[PDB]
Protein chains: 2
Amino acid sequence: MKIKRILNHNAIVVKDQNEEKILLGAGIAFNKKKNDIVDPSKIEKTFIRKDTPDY
Amino acid sequence: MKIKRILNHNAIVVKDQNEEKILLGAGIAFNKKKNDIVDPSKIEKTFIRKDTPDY
């Protein structure tokens with residue numbers, strides 16, 4: 001899980017195999033940087049954009 | 001779509017019928033507040049936490 005963007009010191013826009021994701025972790029931005037792998041101990045909430053409804 | 005949390009001036013943690021969501025919109029925080037409906041013209045990216053994989 002890399003960091004494609006930065007929302008704040010906890011939320012960041014990441015990207016997974018499926019598509020773009022969002023990593024919300026208190027202090028996630030701290031101890032990491034853009035393009036760096038996301039720290040799993042800091043992973044508090046993983047969000048993914050709705051790709052498809054039923055299809 | 002209400003605003004349960006605020007990530008920055010564009011990203012905010014919202015909540016839909018399915019579960020918690022994330023609204024990433026440049027200026028989304030501006031022209032709105034916590035618990036207020038999210039402006040659709042500002043909606044740039046909607047993210048939802050992975051509820052279930054296959055089940």
# chains A, B, ... in the order shown; residues from 1 in each chain; ligands from 1
>>> closest_atom_pairs(of="chain A", to="chain B", cutoff="8 Å", atoms="only C-alpha atoms", output="CSV")
residue,atom,partner,partner_atom,distance
A:7,CA,B:8,CA,6.4
A:8,CA,B:7,CA,6.4
A:11,CA,B:7,CA,6.7
A:21,CA,B:47,CA,7.5
A:22,CA,B:47,CA,7.3
A:45,CA,B:49,CA,7.2
A:46,CA,B:49,CA,5.6
A:47,CA,B:49,CA,3.9
A:48,CA,B:47,CA,4.9
A:49,CA,B:47,CA,3.9
A:50,CA,B:47,CA,6.3
>>> write_last_selection(atoms="N, CA, C and O atoms", output="PDB file, in the first residue's frame")
ATOM      1  N   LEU A   7      -3.938  13.615   2.916  1.00  0.00           N
ATOM      2  CA  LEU A   7      -5.127  14.408   3.331  1.00  0.00           C
ATOM      3  C   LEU A   7      -4.745  15.251   4.551  1.00  0.00           C
ATOM      4  O   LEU A   7      -4.989  16.443   4.597  1.00  0.00           O
ATOM      5  N   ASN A   8      -4.110  14.634   5.518  1.00  0.00           N
ATOM      6  CA  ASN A   8      -3.653  15.371   6.735  1.00  0.00           C
ATOM      7  C   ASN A   8      -2.581  14.525   7.454  1.00  0.00           C
ATOM      8  O   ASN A   8      -1.885  13.748   6.824  1.00  0.00           O
ATOM      9  N   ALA A  11      -4.982  10.993   7.596  1.00  0.00           N
ATOM     10  CA  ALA A  11      -5.633  10.490   6.361  1.00  0.00           C
ATOM     11  C   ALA A  11      -4.722  10.712   5.155  1.00  0.00           C
ATOM     12  O   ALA A  11      -4.073  11.735   5.028  1.00  0.00           O
ATOM     13  N   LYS A  21      -7.355   4.096  -2.905  1.00  0.00           N
ATOM     14  CA  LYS A  21      -7.861   3.806  -1.531  1.00  0.00           C
ATOM     15  C   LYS A  21      -7.596   5.013  -0.620  1.00  0.00           C
ATOM     16  O   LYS A  21      -6.971   5.983  -1.014  1.00  0.00           O
ATOM     17  N   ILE A  22      -8.064   4.946   0.599  1.00  0.00           N
ATOM     18  CA  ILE A  22      -7.855   6.059   1.569  1.00  0.00           C
ATOM     19  C   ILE A  22      -7.412   5.459   2.907  1.00  0.00           C
ATOM     20  O   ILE A  22      -8.087   4.613   3.469  1.00  0.00           O
ATOM     21  N   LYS A  45      -8.230   2.943   9.566  1.00  0.00           N
ATOM     22  CA  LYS A  45      -9.456   2.808   8.719  1.00  0.00           C
ATOM     23  C   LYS A  45      -9.072   2.835   7.233  1.00  0.00           C
ATOM     24  O   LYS A  45      -8.470   3.780   6.755  1.00  0.00           O
ATOM     25  N   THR A  46      -9.427   1.803   6.503  1.00  0.00           N
ATOM     26  CA  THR A  46      -9.100   1.751   5.045  1.00  0.00           C
ATOM     27  C   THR A  46     -10.378   2.007   4.234  1.00  0.00           C
ATOM     28  O   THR A  46     -11.376   1.328   4.403  1.00  0.00           O
ATOM     29  N   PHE A  47     -10.349   2.989   3.366  1.00  0.00           N
ATOM     30  CA  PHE A  47     -11.549   3.318   2.542  1.00  0.00           C
ATOM     31  C   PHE A  47     -11.238   3.145   1.054  1.00  0.00           C
ATOM     32  O   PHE A  47     -10.146   3.417   0.599  1.00  0.00           O
ATOM     33  N   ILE A  48     -12.204   2.693   0.299  1.00  0.00           N
ATOM     34  CA  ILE A  48     -12.006   2.494  -1.167  1.00  0.00           C
ATOM     35  C   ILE A  48     -13.174   3.134  -1.926  1.00  0.00           C
ATOM     36  O   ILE A  48     -14.323   2.999  -1.541  1.00  0.00           O
ATOM     37  N   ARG A  49     -12.887   3.825  -3.003  1.00  0.00           N
ATOM     38  CA  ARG A  49     -13.967   4.480  -3.798  1.00  0.00           C
ATOM     39  C   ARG A  49     -14.887   3.410  -4.399  1.00  0.00           C
ATOM     40  O   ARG A  49     -14.437   2.365  -4.840  1.00  0.00           O
ATOM     41  N   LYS A  50     -16.171   3.668  -4.412  1.00  0.00           N
ATOM     42  CA  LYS A  50     -17.144   2.684  -4.977  1.00  0.00           C
ATOM     43  C   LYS A  50     -16.827   2.441  -6.459  1.00  0.00           C
ATOM     44  O   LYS A  50     -17.010   3.310  -7.296  1.00  0.00           O
TER      45      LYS A  50
END
>>> residues_around(residues="residue 39 of chain A", least_positions_apart="4", cutoff="9 Å", atoms="only C-alpha atoms", output="compact mmCIF listing (two decimals) with C-alpha atoms, in the first residue's frame")
# COMPACT_ATOMS: atom_id res chain seq x y z
CA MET A 1 0.00 0.00 0.00
CA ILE A 28 -0.25 7.79 9.50
CA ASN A 31 6.65 8.09 10.22
CA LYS A 32 6.00 7.87 6.43
CA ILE A 43 -3.74 1.67 9.82
